[PDB]
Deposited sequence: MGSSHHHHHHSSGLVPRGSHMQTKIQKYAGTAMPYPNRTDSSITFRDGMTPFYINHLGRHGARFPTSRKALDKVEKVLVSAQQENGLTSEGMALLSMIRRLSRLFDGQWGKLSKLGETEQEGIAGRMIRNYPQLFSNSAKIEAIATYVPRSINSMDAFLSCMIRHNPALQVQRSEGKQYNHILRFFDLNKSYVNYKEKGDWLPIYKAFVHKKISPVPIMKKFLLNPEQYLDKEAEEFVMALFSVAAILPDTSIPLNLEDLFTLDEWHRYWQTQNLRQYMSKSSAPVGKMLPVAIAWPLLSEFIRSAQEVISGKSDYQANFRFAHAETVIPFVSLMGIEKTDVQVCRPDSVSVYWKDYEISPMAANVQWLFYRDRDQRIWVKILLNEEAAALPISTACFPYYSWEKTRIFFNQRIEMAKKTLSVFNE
């Protein structure tokens, strides 16, 4: 239902459009913050610098002059706004919250209790608040515990706390593979021709950096609620190629790529452990929360989803050029990406669990006679094995 052009924004794609009587007794949630502003001015500055230099040397086409003017505008509009949750992101959360309460009103009825946590990052806290405000508007009699901060780094920001992973992310063996893939997929000259006279005068490296920075600026704009669009700076095929390179970057640096040896995935086990613990506590009656919500990041969601072993999000593809066929970032971690575990009790008091990834039922590599419902016992056992495997992985890269 999403357009190809939307998809090619990858993890910058805005949350997609989501507009049997089974009623769950508990929901276990993890969501990325909603649509945000760019976090860094680096790409913008790079584009501006190249254009200003060309302008001083009379090297701009008319379209280039136009682009420069537009780039200066964005610089003004982004000023002081870096990394913030946009109006669109607030509305994404309201929609997710709203569909949840509409789908399962009994769960949030009367004096139901919910807890929410977030990282210390403002856009995640603001996302939590957009979400909680909706819940409370629908049922003010909810009891709500709201907390956030670095105390949750171990479960929400594990990607900052593992030294081996940090090193891998910064300078691991995925880097040269990514760089060569970009060199193969991205042809800067046709693009820069649009904006600059004598584009063939540019060194391949400066030309590539310019084009890559430009894609980055274009890709984030639909997340900002600013009524400006730059999708037409590039052809559909150029977007497709850009998307392939960034998709590979995400897969290799944050997911199940063989070059990563599952290190990027294994680091998420504390969050999977926490999910199981909170569900177990509700199930036993030690806790009587109706839902636990958690607000964090793409860097939280991607490895978490792979560690769960959902669908083929943990596929290990040897061939870089085959990755995009089997693993798609925009399907896993768009803006506002979320995972929900819905728990049910049947008439025989047996506990079942449904996993939703971006509000669509997800499959696990275990059997069930009633998909999309899985036996909680089987599921927990499976997840506990994933955690054990994760610890084993980390013990080798310690």
Check your understanding: Which parts of the deposited sequence have no C-alpha atoms in the model?
Key -> 1-20, 40-46, 426
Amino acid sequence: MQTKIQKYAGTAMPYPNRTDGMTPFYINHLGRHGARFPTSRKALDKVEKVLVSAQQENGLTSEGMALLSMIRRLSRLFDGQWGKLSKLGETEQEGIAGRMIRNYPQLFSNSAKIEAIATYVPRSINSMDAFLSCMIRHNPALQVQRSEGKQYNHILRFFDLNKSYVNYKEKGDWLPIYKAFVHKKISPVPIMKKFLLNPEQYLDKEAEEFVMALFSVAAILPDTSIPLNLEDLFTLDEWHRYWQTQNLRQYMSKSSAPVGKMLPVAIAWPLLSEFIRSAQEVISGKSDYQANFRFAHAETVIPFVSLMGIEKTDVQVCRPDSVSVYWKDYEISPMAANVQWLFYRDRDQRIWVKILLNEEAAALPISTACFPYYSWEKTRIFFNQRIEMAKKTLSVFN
From here on, numbers count along this sequence of modelled residues.
Study note, to complete from the structure: Assert higher mean C-alpha B factor (349-357 or 62-70, deposited values) equals 62-70
Check your understanding: For the stretches 29-37 and 339-347, which has the higher mean C-alpha B-factor as given in the deposited record?
Key -> 339-347
**Study point:** Residue with highest C-alpha B-factor in the PDB entry, from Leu228, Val259, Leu271, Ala97
**Key:** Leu228
Study note, to complete from the structure: From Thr300, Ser278, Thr313, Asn198, the top C-alpha temperature factor is at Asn198
Exercise for review: Taking the values exactly as deposited, rank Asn247 by C-alpha B-factor within its chain and report the matching third: lowest, middle or highest.
Suggested key: middle
Check your understanding: Ranked by Cα temperature factor within the chain, is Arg241 in the lowest third, the middle third or the highest third?
Key -> middle
**Study point:** Record-listed C-alpha B factor of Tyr202: chain third
**Key:** middle
Revision key, fill the gap. So, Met13's CA B-factor, relative to its chain, sits in which third? The lowest
Study note, to complete from the structure: Here the Cα B-factor of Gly80, set against its chain, lands in the third termed highest
